[PDB]
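The structure under discussion appears below in the form of structure tokens.
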């Protein structure tokens, strides 16, 4: 139904192996490529979202819509009930339940610090946004465990993986 | 049919002690289920003494047939129904037949023997776990609740109690590595911390268990000479090196939650609540 | 995995709605028709950012049918699983053929052939579960699984998980 | 699976089964399976083939009486005939006694068949004797045997 900003893609003869979806190989397909275009056609990077960032964004947008619908005058159940559509209500309920029951960072400032650490770091300046989201989401504790769960980080050995993991564990609220 | 029933059952041939325990458990299960039938039979045929004893004997014989001799239900009903009915004579010496069981009861026998064969492995696993614990003093609660253990829920309660009160020992025995977080790590830290003596001083565990089992006061819970906040703060100040807590209120909350966990993992409270709910509970929607 | 995407929708409006409240009505129609839907190409659209300030542009009158066609561009949060990805889950059902878990709106089915052998299914347990000596996974239990395959339907996505590798199973 | 294998073995051996004992002798099954299924499977007896006493097709094979109780059925038949010459171990005489009782060569002068005379036997005495001799509660079994002799496979 909804159409992406990427169009064309007409017939050719060559066939490529970087077309199939694969998280391990970091092949996310054309619609999830590293380079995107906005409504103005300017350069844009793929925007991944960790569960903390996703939860913050969904809560902010939902509460903004709820405030707007009431003339600009917190509960997840009420917030889900704000939306229209029984199937939409169920889907947003399930997403909210997942995010709440696996929220590593429920505070805006903790998520901001985590994003700053995972973005401004010299080692992380090469890290793929999908890798960053996976690291902030799965909450791994060990370099070996992270490498096993994320095969992409195995080839990136120029990363201070263990100390970054310890920093994330520190930032994680016990 | 028996092969299909026993396909999931890896170990079927029980020992003689396990066999007798299975027979007793099956008899008790039938008595619980057929309580109305047994009561009506006893009330109507009150003249005959120990009709239910003959019922237990017949149930034991039927279990013997099905298990040892591998007899299907219709064969038993067509050629061994003499055991299933007790012919007594009244005051007039008229031969009166008493249908103690029906074919549906034989199907119930098969289902119950399968159920006990299933739970036998679980009870053996709990016994092996307890033996691996190798307690210096045999826990009276363990023995008391294991002797009366009939349902797998009670076995799970035993497992929870043993794991909670021997979390360090159970973790060591597991060690005797996937970094799974032990849910009892905080309680182990409390045990290692200097505030654990305060938790002892709240109430004696053995005295609490004796009082609860007796259902009446055998000992009086002695109140410590200083308030919980007083003792917590004093120990925190005198053991700042070892007290992992930050504030006295945090230690107070940790002590309260540890006491709550201790009370929750007590098998007797769970058993009493379960009996009360099963007896007098209601259903609301 | 969650993402931010710039999506576009074609909205057709009947002439009976050609009133002053046309723009707001288009906004709520877009919200009702996009929020919660499931497209195989993108996955699941969960929310639309800035839902009350979306530009709709000028609608074009379809020749011969009167209805106006609007091109609506918006930014939305989208979740889509990928092959070979390890994510958290909550078990929703236990069955002899396998157990069903839930990863947000997606329901994932894991067959016994993708489960470690020591986690023998126990139907006698209450509730029935796939349990081992040190592991017990039942309804409501947190599990870490790796998505192996995804099946595309008309408006649904079916994923298959596995716990047979390391750092998987119960968590 | 077991029924398919059994019917295949029967078909390979021949057109029909001779008697219940052949289910064991011809290696058609094991022991416990045979004991369970013994009374529930039967072969239709025919007085036309009964002419030879050496007939392997036992008449009791067309009854609900278990093969393990064929001797008891023979003893009951001898009891009804009131013939004390035959002892408890002359199985050929018991077979001839059943032959006479169920299919007499001379039809009875009255309308009461020799199987009817089984009603005069007291089952309680025989049950008590069996329980004393070998500790067996078989009074219901004796009743079933008497019923089967009175009518072969009455519809239930």
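Please verify whether residue A:113 is surrounded by 13 or more Cβ atoms within 10 Å (Cβ to Cβ), more than 9 Å from chain C (Cβ to nearest Cβ) and either closer than 17 Å to residue C:2 by Cα or in contact with a helix residue (DSSP H, G or I) (Cβ under 7 Å, 6 or more places away or on another chain) (or both), treating the condition exactly as stated.
When the stated conditions are applied, residue A:113 passes them.
Which of (1) away from chain B (no Cβ under 14 Å); (2) touching a helix residue (DSSP H, G or I) at 6+ places or on another chain (Cβ under 6 Å); (3) not in a loop (DSSP other than H, G, I, E, B) is the odd one out, the single condition residue D:28 does not satisfy?
(3)
Is one or more of the residues making up segment B:228-236 over 38 Å from the mean Cα position of the chain (by Cα) and part of a loop (DSSP other than H, G, I, E, B)?
No - not one qualifying residue is present in segment B:228-236.
Tell me which of these residue D:64 doesn't satisfy, since it passes every other one: (1) within 14 Å of another protein chain (Cβ to nearest Cβ); (2) exposed (fewer than 12 other Cβ atoms within 10 Å of the Cβ).
Of the numbered conditions (1) within 14 Å of another protein chain (Cβ to nearest Cβ); (2) exposed (fewer than 12 other Cβ atoms within 10 Å of the Cβ), the odd one out for residue D:64 is (2).
When segment B:233-285 is examined, which residues are found to be within 16 Å of residue B:186 (Cβ to Cβ) and exposed (fewer than 11 other Cβ atoms within 10 Å of the Cβ)?
Answer for segment B:233-285, where residues must be within 16 Å of residue B:186 (Cβ to Cβ) and exposed (fewer than 11 other Cβ atoms within 10 Å of the Cβ): B:246, B:260.
Can we say residue D:55 is within 30 Å of residue D:123 (Cβ to Cβ) and away from chain B (no Cβ under 14 Å)?
yes
Scan segment B:148-165 and tell me whether some residue there is over 22 Å from the mean Cα position of the chain (by Cα) and over 17 Å from residue B:266 (Cα atoms). Quick ask: steps written out before the conclusion?
Kept after step one, since they are over 22 Å from the mean Cα position of the chain (by Cα), are these residues of segment B:148-165: none.
There is no residue in segment B:148-165 that is over 22 Å from the mean Cα position of the chain (by Cα) and over 17 Å from residue B:266 (Cα atoms).
Got a sec? Which of C:7, C:26 is buried (at least 16 other Cβ atoms within 10 Å of the Cβ) and more than 7 Å from chain A (Cβ to nearest Cβ)? Quick ask: steps written out before the conclusion?
On the way: C:7 fails: more than 7 Å from chain A (Cβ to nearest Cβ).
Result of the check over C:7, C:26: C:26.
Scan segment B:123-136 for residues that are farther than 17 Å from residue B:205 by Cβ and part of a helix (DSSP H, G or I) and jot them down.
Residues satisfying the conditions are B:123, B:124, B:125, B:126, B:127, B:128, B:129, B:130, B:131, B:132.
Taking segment C:148-160 as the search range and keeping residues that are more than 13 Å from chain A (Cβ to nearest Cβ) and in a strand (DSSP E or B), which one is surrounded by the most Cβ atoms within 10 Å (Cβ to Cβ)?
Once the filter is applied, the top-ranked residue is C:160.
For residues that are farther than 20 Å from residue B:78 by Cα and assigned to a helix (DSSP H, G or I), tally how many sit in segment D:117-127.
Matching residues across segment D:117-127 total 5.
With a cut-off of at least 3 residues that are facing chain C (nearest Cβ under 9 Å), name the strands (runs of 3 or more DSSP E) lying wholly within segment A:17-96.
Ranges flagged: A:47-49.
Does residue C:165 satisfy being under 26 Å from the mean Cα position of the chain (by Cα) and within 12 Å of another protein chain (Cβ to nearest Cβ)?
Details: under 26 Å from the mean Cα position of the chain (by Cα): yes; within 12 Å of another protein chain (Cβ to nearest Cβ): yes.
Taking the combined requirement at face value, the residue satisfies it.
Got a sec? Which of A:5, A:101 is surrounded by fewer than 19 Cβ atoms within 10 Å (Cβ to Cβ) and more than 26 Å from residue A:139 (Cβ to Cβ)?
A:5
Go through (1) assigned to a loop (DSSP other than H, G, I, E, B); (2) exposed (fewer than 11 other Cβ atoms within 10 Å of the Cβ); (3) more than 18 Å from the chain's Cα centre (by Cα) and name the single condition residue D:136 misses.
Tallying (1) assigned to a loop (DSSP other than H, G, I, E, B); (2) exposed (fewer than 11 other Cβ atoms within 10 Å of the Cβ); (3) more than 18 Å from the chain's Cα centre (by Cα), residue D:136 fails exactly one: (2).
Taking the condition more than 14 Å from every other protein chain (Cβ to nearest Cβ) and over 21 Å from residue C:78 (Cβ atoms), does residue A:126 pass?
yes
Please list, ordered by residue number, the helices (runs of 4 or more DSSP H) wholly in segment A:134-174 having 3 or more residues that are in contact with a helix residue (DSSP H, G or I) (Cβ under 9 Å, 6 or more places away or on another chain) and away from chain C (no Cβ under 14 Å).
The qualifying helices (runs of 4 or more DSSP H) are A:161-171.
Residue D:152 is checked against (1) surrounded by 15 or more Cβ atoms within 10 Å (Cβ to Cβ); (2) within 17 Å of the chain's Cα centre (by Cα); (3) in a helix (DSSP H, G or I) and fails just one. What number does that condition carry?
If we test residue D:152 against (1) surrounded by 15 or more Cβ atoms within 10 Å (Cβ to Cβ); (2) within 17 Å of the chain's Cα centre (by Cα); (3) in a helix (DSSP H, G or I), just (3) comes out false.
Mind checking whether some residue in segment C:85-92 is more than 14 Å from chain A (Cβ to nearest Cβ) and over 22 Å from residue A:148 (Cα atoms)?
no
Do you know which of the residues in segment C:44-72 that are within 14 Å of chain A (Cβ to nearest Cβ), more than 20 Å from residue A:85 (Cα to Cα) and out of contact with any helix residue (DSSP H, G or I) (no Cβ under 7 Å at 6 or more places or on another chain) is surrounded by the most Cβ atoms within 10 Å (Cβ to Cβ)?
C:71
Go through segment C:14-43 residue by residue and tally those that are in contact with a helix residue (DSSP H, G or I) (Cβ under 7 Å, 6 or more places away or on another chain) and closer than 22 Å to residue C:65 by Cβ.
2
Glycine gets a Cβ as well: all are built from the backbone with ideal geometry, and neighbour counts include every protein chain shown. Laboratory data are not the source of any read-out in this text; all were calculated from the coordinates shown.
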